[PDB]
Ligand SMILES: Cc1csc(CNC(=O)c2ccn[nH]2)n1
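For reference, the chain that follows is the form solved without the ligand, supplied as structure tokens.
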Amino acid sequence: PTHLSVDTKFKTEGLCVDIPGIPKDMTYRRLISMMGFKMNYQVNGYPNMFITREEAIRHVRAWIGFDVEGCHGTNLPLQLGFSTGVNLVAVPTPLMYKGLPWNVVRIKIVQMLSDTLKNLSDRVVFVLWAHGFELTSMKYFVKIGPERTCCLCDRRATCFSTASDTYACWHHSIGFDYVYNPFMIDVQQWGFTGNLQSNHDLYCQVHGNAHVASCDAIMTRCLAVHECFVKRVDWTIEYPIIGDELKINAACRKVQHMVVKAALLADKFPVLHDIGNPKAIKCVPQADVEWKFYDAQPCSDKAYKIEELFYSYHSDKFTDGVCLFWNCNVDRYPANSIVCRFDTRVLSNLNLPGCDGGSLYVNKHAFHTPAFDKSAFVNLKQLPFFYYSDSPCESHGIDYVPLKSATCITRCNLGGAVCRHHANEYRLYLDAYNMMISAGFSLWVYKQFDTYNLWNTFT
């Protein structure tokens, strides 16, 4: 039980306005045949064009919302909408393109999907709110067959070319005209009352309905992300490495240890309230401080209300010492905080568009994160870059230019000349810091934080 049986029933009520008279009793086997495709009893890696909700969740990076609206059905022009914001008009003879025949529309579809997906996934999952025209338009740009490999590399084939009779992945498909072995899921099969807009609008105010196919494609994918990653959460599902995951995670641990260690040295807080991940470990194990932990799983819907986290009767006195919120997203941080908050607006291959301003951050696991909100940080200031080290000035064991920097907080810099070891460590830390910031993380600190207080920790 890993793939969707072709003999599974498909509910057709949502299809009967575009396809009147459609049988109520329908399987995926009969639907695929009605769509103009032939599977030929093939056991070659592609058992069904449609996939289960569980398979869809494992391939969230491949999700492309897709809608087709009748502009005027073999006789009328169709408006093809994608969650990339693209609208294409196909004639049978928020970017809006004029009417063109299918032979050229299919080339644009292959280019668009290839550019969007090459750094995200090995496939495409068309996310539908199926009403009929989208399913019957697939024969004009989709070809199916056995699972294949790319003609220029070892990746699975996602595109086909009728000009060269060859197959390509998303990286090698320039000039290709057909999408090959795509996957799809109809959100209407999950059990909903009412139309797409009424279901989407219950959870999201950021996507509107400008009455165009791409608006529907965007709402469809947003609703699917809500159902799979907001109202339902699965942190056991592992996702492949596609970018700088390892370096980002290692950088985050390095920055956390640096910042908290320096805050404790600079202001000598007697207690630290560590709020967030129930599996957190002390990030500064040698610190003298009374370390207290408070469990809160990552919020995937709305940011936590600070009143619910702190009140309703623990140290109780969160106003004592300092509070550490390392990716624990709250509505308004208290003044005595050290904070790491993911900025959902960041553009990256790890950060996918989400629900209601939120984003789906996929790095080993998938985390839907509430929309970044500048007002959460009104009691704090942005944490400036700094490097601090009390380790001995000694090289041990990569060519060199002497480091001059006001933010290298070390004994050698206090003494007037940064040593080789601290220069190498400073440059490595700066790279880690820049990697974490560029990945979307933002750092905030209590207004009294001053690195000038670190210089007297060398006596």
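The numbering used is simple: start at 1 and walk along the sequence shown.
The discussion below concerns the form deposited with the ligand bound, not included here.
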Subject >> Steric status of site, the ligand superimposed as seen in the deposited bound form, threshold 2.4 angstroms to backbone or C-beta >> reply: blocked
Original post:
Which one, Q79, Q188, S389, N199, lies within 4.5 Å of the ligand in the deposited bound form by heavy atoms?
Top reply: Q79
Original post:
Looking at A376, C151, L383, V212, which is the one with a non-hydrogen atom within 4.5 Å of the ligand in the deposited bound form?
Top reply: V212
Subject >> Partner contact for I174 in the deposited bound form: the ligand, 4.5 angstroms, heavy atom >> reply: no
**OP:** Answer yes if any heavy atom of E69 is within 4.5 Å of a heavy atom of the ligand in the deposited bound form; otherwise answer no.
**Re:** yes
**OP:** Would you mind checking 215-236 for residues with a heavy atom within 4.5 Å of the ligand in the deposited bound form?
**Re:** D216
